[PDB]
C-alpha cells in the first residue's frame, strides 16, 4: 500500500538526513558502496553488500513486504560496515549509531503495537 511505502521512505530519510551533535551527516559514507574495481577487498570479505542507494531502490520498486524486511537490510548494511572496519573506527562507530537511528525512526514514524 502507498502508506507502507511512504513510511519506509520517511524512516530511511530520517536515517540518511541524521546529523550528530557536531552537524556531521553519519550516512554519507554509506549511501554508495565503492565499486568492486575500486575496492575488491570489500567484496572479498563481505558476502551480501548493500548501501542506502540499494535500500532506496528496494523501497521504490516495492521489494520490502514489511518494515521488518526493510530493517533486515539496514541491519545487514551496518553489520557489513562493522565486519570490514576496525572496532572503534569512525565508520564502525557510525554504523552502530545508524542502527539506533533506524530503530527510533521506525518507532516514531510507524507507531506499531
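Under this definition, the rigid core comprises the largest set of C-alpha atoms superposing within 1.5 Å between the forms. Numbering follows the first chain given and starts at 1.
Greater C-alpha displacement in 8 other deposited structures of this protein (rigid core superposition, RMS over structures and residues), of 101-109 versus 8-16: 101-109.
The rigid core fit leaves 36-44 as the farther-lying stretch in 8 other deposited structures of this protein, judged by Cα positions and set against 36-44 and 65-73. Remark: residue 99 belongs to the highest third of its chain, ranked by C-alpha B-factor as recorded. Residue 50 sits in the lowest third of its chain by CA B factor, as recorded in the PDB entry. Residue 79: CA B factor lies in the lowest third for its chain, per the PDB record. Ranked by Cα temperature factor within the chain, residue 35 sits in the middle third according to the deposited record. In the PDB entry, a CA B factor belonging to the middle third of its chain's modelled residues is recorded for residue 25.
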